[PDB]
Amino acid sequence: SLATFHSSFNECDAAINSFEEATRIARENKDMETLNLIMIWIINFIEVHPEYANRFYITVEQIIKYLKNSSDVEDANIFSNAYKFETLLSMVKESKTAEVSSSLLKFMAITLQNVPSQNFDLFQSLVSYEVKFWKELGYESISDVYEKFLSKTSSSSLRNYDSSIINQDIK
Amino acid sequence: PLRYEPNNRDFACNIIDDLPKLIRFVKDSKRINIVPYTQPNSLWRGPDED
């Protein structure tokens with residue numbers, strides 16, 4: 001939470017130091033379930049600030065490989081989180097569209113299968129990726145349908161509070 | 001038979017192939033099963049193994 005708070009004020013580097021000692025504390029508790037929570041926070045932070053990927057002690061690809069084969073039960077939302085990170089990385093890595101479509105397909109199917117209304121954060125993220133994805137392909141007609149589902153001024157956690165105002169201003 | 005040879009002047013790339021192929025829902029007596037989608041006339045038009 002303190003790490004989120006620093007990332008909220010763009011402190012970034014101070015948030016980095018805050019996060020490292022969280023890893024050490026998790027090990028002493030020797031509890032597995034919290035490690036999933038700490039790992040999921042990593043990429044969420046790096047999603048906002050991709051320029052910090054090299055500084056972490058674990059590369060982003062290691063997490064995706066780890067969380068894809070995490071388990072078959074007691075995950076629910078982890079796999080939904082897992083694949084969206086792969087989709088974002090796959091887009092940035094300018095991979096072939098066939099793989100990107102498949103990777104987004106996995107995350108789309110898993111997110112909608114469970115309750116999407118309750119998981120409001122991920123559902124918005126799906127819309128943002130899909131709108132972005134289809135806009136890059138040049139089919140605004142598809143993007144037009146999905147953008148009506150994108151929530152404005154909702155923004156997300158750990159990314160400031162006036163970011164929505166700024167984003168609206170840029171358009 | 002159509003012969004659509006690759007030409008540099010043809011930039012009309014295809015995206016339907018990149019998109020994953022659809023499937024079908026057919027339910028048997030035991031349960032509801034999942035099969036790959038085939039066009040209704042695709043059985044006599046499909047690419048021959050031969």
# chains A, B, ... in the order shown; residues from 1 in each chain; ligands from 1
$ closest_atom_pairs --of "chain A" --to "chain B" --cutoff "9 Å" --atoms "only C-alpha atoms" --output "tab-separated table"
residue	atom	partner	partner_atom	distance
A:96	CA	B:18	CA	8.6
A:97	CA	B:18	CA	6.2
A:98	CA	B:18	CA	4.3
A:99	CA	B:18	CA	8.0
A:101	CA	B:19	CA	6.2
A:102	CA	B:20	CA	6.7
A:105	CA	B:20	CA	8.5
$ select_by_dssp --residues "chain B" --states "strand (DSSP E)" --output "ChimeraX atom specification"
/B:23-27,32-36
$ write_last_selection --atoms "N, CA and C atoms" --output "PDB file, in the first residue's frame"
ATOM      1  N   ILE B  23     -16.027 -22.263 -33.766  1.00  0.00           N
ATOM      2  CA  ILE B  23     -16.409 -23.623 -33.431  1.00  0.00           C
ATOM      3  C   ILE B  23     -17.930 -23.709 -33.382  1.00  0.00           C
ATOM      4  N   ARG B  24     -18.428 -24.897 -33.051  1.00  0.00           N
ATOM      5  CA  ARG B  24     -19.855 -25.173 -33.035  1.00  0.00           C
ATOM      6  C   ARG B  24     -20.237 -25.847 -31.727  1.00  0.00           C
ATOM      7  N   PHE B  25     -21.473 -25.610 -31.298  1.00  0.00           N
ATOM      8  CA  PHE B  25     -22.065 -26.311 -30.164  1.00  0.00           C
ATOM      9  C   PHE B  25     -23.090 -27.304 -30.686  1.00  0.00           C
ATOM     10  N   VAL B  26     -22.801 -28.587 -30.509  1.00  0.00           N
ATOM     11  CA  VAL B  26     -23.751 -29.656 -30.773  1.00  0.00           C
ATOM     12  C   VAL B  26     -23.865 -30.491 -29.509  1.00  0.00           C
ATOM     13  N   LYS B  27     -25.093 -30.811 -29.122  1.00  0.00           N
ATOM     14  CA  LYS B  27     -25.357 -31.563 -27.906  1.00  0.00           C
ATOM     15  C   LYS B  27     -25.837 -32.954 -28.286  1.00  0.00           C
ATOM     16  N   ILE B  32     -23.500 -31.973 -23.699  1.00  0.00           N
ATOM     17  CA  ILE B  32     -23.242 -30.967 -24.720  1.00  0.00           C
ATOM     18  C   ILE B  32     -21.765 -31.012 -25.068  1.00  0.00           C
ATOM     19  N   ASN B  33     -21.464 -31.173 -26.349  1.00  0.00           N
ATOM     20  CA  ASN B  33     -20.093 -31.331 -26.798  1.00  0.00           C
ATOM     21  C   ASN B  33     -19.681 -30.153 -27.668  1.00  0.00           C
ATOM     22  N   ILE B  34     -18.374 -30.045 -27.876  1.00  0.00           N
ATOM     23  CA  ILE B  34     -17.764 -28.928 -28.582  1.00  0.00           C
ATOM     24  C   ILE B  34     -16.991 -29.472 -29.771  1.00  0.00           C
ATOM     25  N   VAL B  35     -17.312 -28.976 -30.961  1.00  0.00           N
ATOM     26  CA  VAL B  35     -16.674 -29.448 -32.186  1.00  0.00           C
ATOM     27  C   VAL B  35     -16.155 -28.254 -32.975  1.00  0.00           C
ATOM     28  N   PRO B  36     -15.112 -28.424 -33.782  1.00  0.00           N
ATOM     29  CA  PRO B  36     -14.688 -27.339 -34.670  1.00  0.00           C
ATOM     30  C   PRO B  36     -15.774 -27.011 -35.682  1.00  0.00           C
TER      31      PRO B  36
END
$ select_by_dssp --residues "chain A" --states "alpha helix (DSSP H)" --output "ChimeraX atom specification"
/A:2-8,13-29,32-48,60-68,78-92,97-113,120-137,140-147,163-170
$ residues_around --residues "segment 62-78 of chain A" --least-positions-apart "5" --cutoff "12 Å" --atoms "only C-alpha atoms" --output "PyMOL selection string"
chain A and resi 32-33+35-44+53+56-57+83-90+103+106-107+110-116+118-119+121-123
$ atom_distance --atom1 "atom CA of residue 155 of chain A" --atom2 "atom CA of residue 93 of chain A"
25.0 Å
$ residues_around --residues "segment 4-14 of chain A" --least-positions-apart "2" --cutoff "9 Å" --atoms "only C-alpha atoms" --output "JSON, numbers by chain"
{"A": [1, 2, 16, 17, 18, 19, 45, 49, 52, 157, 158, 159, 160, 161]}
$ atom_distance --atom1 "atom CA of residue 100 of chain A" --atom2 "atom CA of residue 55 of chain A"
26.3 Å
$ residues_around --residues "residue 134 of chain A" --least-positions-apart "6" --cutoff "8 Å" --atoms "only C-alpha atoms" --output "PyMOL selection string"
chain A and resi 140+142-143
$ residues_around --residues "residue 144 of chain A" --least-positions-apart "2" --cutoff "12 Å" --atoms "only C-alpha atoms" --output "ChimeraX atom specification"
/A:127-128,130-132,134-135,138-142,146-150
